[PDB]
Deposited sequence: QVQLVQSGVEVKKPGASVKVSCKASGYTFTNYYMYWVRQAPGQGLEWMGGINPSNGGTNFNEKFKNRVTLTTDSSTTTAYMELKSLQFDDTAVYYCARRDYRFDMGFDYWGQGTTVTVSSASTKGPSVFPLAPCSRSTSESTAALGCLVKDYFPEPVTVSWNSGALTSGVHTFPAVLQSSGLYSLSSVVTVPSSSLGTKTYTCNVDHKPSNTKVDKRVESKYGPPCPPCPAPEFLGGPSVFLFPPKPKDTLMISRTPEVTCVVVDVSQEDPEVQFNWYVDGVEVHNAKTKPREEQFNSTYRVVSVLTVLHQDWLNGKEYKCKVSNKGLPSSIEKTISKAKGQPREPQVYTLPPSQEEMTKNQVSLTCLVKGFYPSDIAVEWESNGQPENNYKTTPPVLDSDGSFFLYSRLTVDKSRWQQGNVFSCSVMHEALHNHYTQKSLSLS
């Protein structure tokens, strides 16, 4: 439970002094040096000095040895840093950090930082100006100019508009006041229909302003094969295929999300040149059997230099109460017995969703001479299909048993079968 808690924001005038404190707890204060380090805006770390809390002995950086005083109050286990004659370039975050006195193993624990701003400015609320133009995407914004101190927060349409919003970090101007811009990109078609309002809040001056501001690659996302999601032995995969990738922009990029969370285990295949002077590129995300069956959404986001914005595509298993297939095998018509080959039928019906696998076998070996119809929607919301196996009439007359096997999530063990034979 080691803690280093520093004092809060400091806004000071040039020539004045600041004193930052660093409250220590959860360790023996005596066993560690307390160091001070500063970071100027957009700059690196700079060591200022260190104090020994047992004897009060100090070490300084020559740049700070004549303007900084380090003291420790062992009663309140607090370390202090007094910086005098403040200059404008003393604006920075000041950190206290501990170092083991006994053996040097780095700055193992740092305080949260204390922002010190050196400025001749006094509290001032911003002026809010619209940023509107004098193309499928339009840009609009708000110029929030001349405010002091930081920060200002900007929202759009009271938080309804969050996508495409960039609130820029503030710039300190020559005048000593801050200024920033907030922009939003929107479909040009909306400009007539929709309104855009920026909500500016500057808590230090209690100011609140609400200002009204007035052909390429294609992606196909494929689900897993139905047998794959139902058998733990097989591997189910979602497949993203991008076609019409220019010869000028081979830039192969995919991002994958499962219920909006990014995953990094997809495997991108090597780029394939097509007979129409374009590339074709596929990415394959392996999925968890139960994640596909629980209704998780798999999103594929494609990025390319030839795409003004990314192409997103989503795919999930169909929603609705899973319903179990009913399997009925129907023998060949007596009118078909005047032929060298006969048709064994398998009716699969009343199932939902439509993802199913149907096969045929005899004597524990696959019968591959069949065709299955695609599923067809019924008036009750469930699907049906027929599978037709072509057998030599000879095979059927000898009393050989044929089996129509069905695999569907709603079945127990995801599997059922119906046999068929000549009586």
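**Q** Which ranges of the deposited chain go unmodelled, in order along the sequence?
**A** Those stretches are 135-139, 220-235, listed in order.
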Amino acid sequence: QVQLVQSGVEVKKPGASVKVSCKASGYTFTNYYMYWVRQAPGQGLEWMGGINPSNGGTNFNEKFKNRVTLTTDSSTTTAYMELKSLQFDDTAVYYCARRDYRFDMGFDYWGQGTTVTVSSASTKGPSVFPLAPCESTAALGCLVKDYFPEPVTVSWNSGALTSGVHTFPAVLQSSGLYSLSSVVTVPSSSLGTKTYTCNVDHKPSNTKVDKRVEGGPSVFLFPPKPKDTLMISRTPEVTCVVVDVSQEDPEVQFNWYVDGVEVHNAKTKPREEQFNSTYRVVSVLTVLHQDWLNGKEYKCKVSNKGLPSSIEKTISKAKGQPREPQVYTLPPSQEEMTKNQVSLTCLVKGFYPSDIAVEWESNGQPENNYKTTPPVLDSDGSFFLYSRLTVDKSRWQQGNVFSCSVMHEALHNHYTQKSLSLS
From here on, numbers count along this sequence of modelled residues.
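**Q** Averaging CA B factors per stretch from the PDB record, which one is higher: 329-337 or 178-186?
**A** Here the higher of the two C-alpha B-factor means belongs to 329-337.
**Q** Could you settle it for me: does 274-282 or 301-309 have the higher average Cα B factor in the PDB entry?
**A** Per the PDB record, 274-282.
**Q** For the listed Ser316, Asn255, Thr137, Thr115, which has the peak Cα B-factor recorded in the PDB entry?
**A** When the deposited C-alpha B-factors of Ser316, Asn255, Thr137, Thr115 are compared, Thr137 is largest.
**Q** When you compare the CA B-factors of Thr91, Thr229, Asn157, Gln247 as listed in the entry, which one comes out on top?
**A** Result of the comparison over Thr91, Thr229, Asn157, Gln247: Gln247.
**Q** Using only modelled residues of the chain, where does the Cα B factor of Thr69 rank: lowest third, middle third or highest third?
**A** According to the entry, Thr69 has a C-alpha B-factor in the chain's middle third.
**Q** Please rank the C-alpha B-factors of the chain's modelled residues and tell me whether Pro169 sits in the lowest, middle or highest third.
**A** Ranked within chain, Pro169 CA B lands in the lowest tercile.
**Q** Split the chain's modelled residues into thirds by Cα B-factor; is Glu359 in the lowest, middle or highest one?
**A** Ranked within chain, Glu359 CA B lands in the middle tercile.
**Q** By the record's CA B-factor, is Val263 among the lowest, middle or highest third of residues in the chain?
**A** Lowest third - that is where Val263 ends up once the chain's C-alpha B-factors are sorted.
**Q** Going by the entry, which third of its chain does the Cα temperature factor of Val219 land in?
**A** Answer is middle: the recorded C-alpha B-factor places it there.
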